[PDB]
């Protein structure tokens, strides 16, 4: 019986201290390692084109600045704003694409470790017809070791970007 994750510590100060990691190139920072609760602060600017299909819930608390989530709810493209001060609970499998335009912003995001055999999805959809263009499923163990080469190989492949329904080649990075 030990405090495997250390003592309590001041959160605004920790965010301040890691501001240089809460901006490009990265923009993520996991707070504690090897815990069941995956607790992360997400900065900005970042925009992305992928949608996440998380088989478990995600919790958001927009501490500083504003962000928004592009979503598919009920087959329609829908946007949930994370204004500063907002909290939000995302149910499993709602496809979501976080957009974080502001520098200096910071969002508490809490998730759980996925059990073996429970897989995450990353999807791109066609700007033109809305059809699914590409999905990869991954056994997520480390958000920053598993995810870059996924996105990267979608961007690298016109065939992965080619819409099966209208032939439009998804743009890729932006």
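Rigid core: the largest C-alpha set superposing within 1.5 Å between the two forms. Residue numbers count along the first chain shown, from 1.
Looking at 127-135 and 142-150, the one farther from the shown form in 5 other deposited structures of this protein by average CA distance, after a rigid core fit, turns out to be 142-150. For the pair 26-34 and 105-113, greater average C-alpha departure from the shown form in 5 other deposited structures of this protein after core alignment is found in 26-34.
The deposited model assigns a higher average Cα B-factor to 76-84 than to the other stretch when 76-84 and 92-100 are compared. Looking at mean Cα B-factors across 133-141 and 23-31, the upper value is held by 23-31. Residue-level inspection of the entry shows that, of 149, 65, 121, 43, 149 has the top Cα B-factor. Sorting 53, 50, 127, 58 by the CA temperature factor given in the entry leaves 127 at the top.
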